[PDB]
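Working notes, structure below.
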Amino acid sequence: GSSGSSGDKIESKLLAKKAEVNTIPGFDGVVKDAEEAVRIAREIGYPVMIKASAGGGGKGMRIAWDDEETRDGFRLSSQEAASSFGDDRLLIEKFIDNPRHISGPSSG
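429 is the number of the first residue of the sequence shown in the working numbering; add one for each residue after it.
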């Protein structure tokens, strides 16, 4: 025998979207390991730029387009920061060739 129920059902008040737009305009956090770098990247949407948290600088870092690249680049990018500043703190930002933001799906 059971009894009792409830349902708030309160969300998206006065908000209407066409496609799930639940994403971050740019991840400024930090990656712990290559594996983690891949998970975060996917969320951001490839291509994904990878820089050294300790420093960074587009000139010198590497960019990834697929989990495979994210790792290959993370292993090095991380190793670099470990010698440049000392720590292996890395970074992941959204890379967009065109000046336009077409957040969404893409050919592949």
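Beta carbons are placed, not taken as given, at the ideal position from N, Cα and C, and that holds for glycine.
> Among all the DSSP beta bridges, which residues are the ones paired with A465?
Replying inline: Answer is none; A465 lacks a bridge partner.
>> Suppose only complete runs of 3+ residues qualify. What are the beta strand (DSSP E) ranges in the stretch 434 to 492, listed by chain order?
In response: Runs found: 476 to 480, 490 to 492.
>> Does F513 pass the burial test, meaning 16 or more other C-beta atoms within 10 Å, or should it be called exposed?
In response: exposed
> What do you get for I478, buried or exposed, if any count of 16 or more other CB atoms within 10 angstroms of its CB means buried?
Replying inline: buried
> Among residues of its own chain, excluding the 5 on either side of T498, which ones have a beta-carbon nearer than 6 Å to its beta-carbon?
Replying inline: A465, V466, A469, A492
> In terms of residues, what are the limits of the alpha helix (DSSP H) holding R503?
Replying inline: 495 to 512
> In terms of alpha-carbon separation, which member of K522, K441, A447 lies closest to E471?
Replying inline: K522
> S511 and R490 look like a contact to me (Cβ under 8 Å); what is the Cβ gap, rounded to whole Å?
Replying inline: No, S511 and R490 are not in contact; Cβ-Cβ is about 15 Å, not under 8 Å.
> When burial is assigned at 16 or more other CB atoms within 10 Å of the CB, is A480 buried or exposed?
Replying inline: buried
> DSSP beta-bridge partners for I520?
Replying inline: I478
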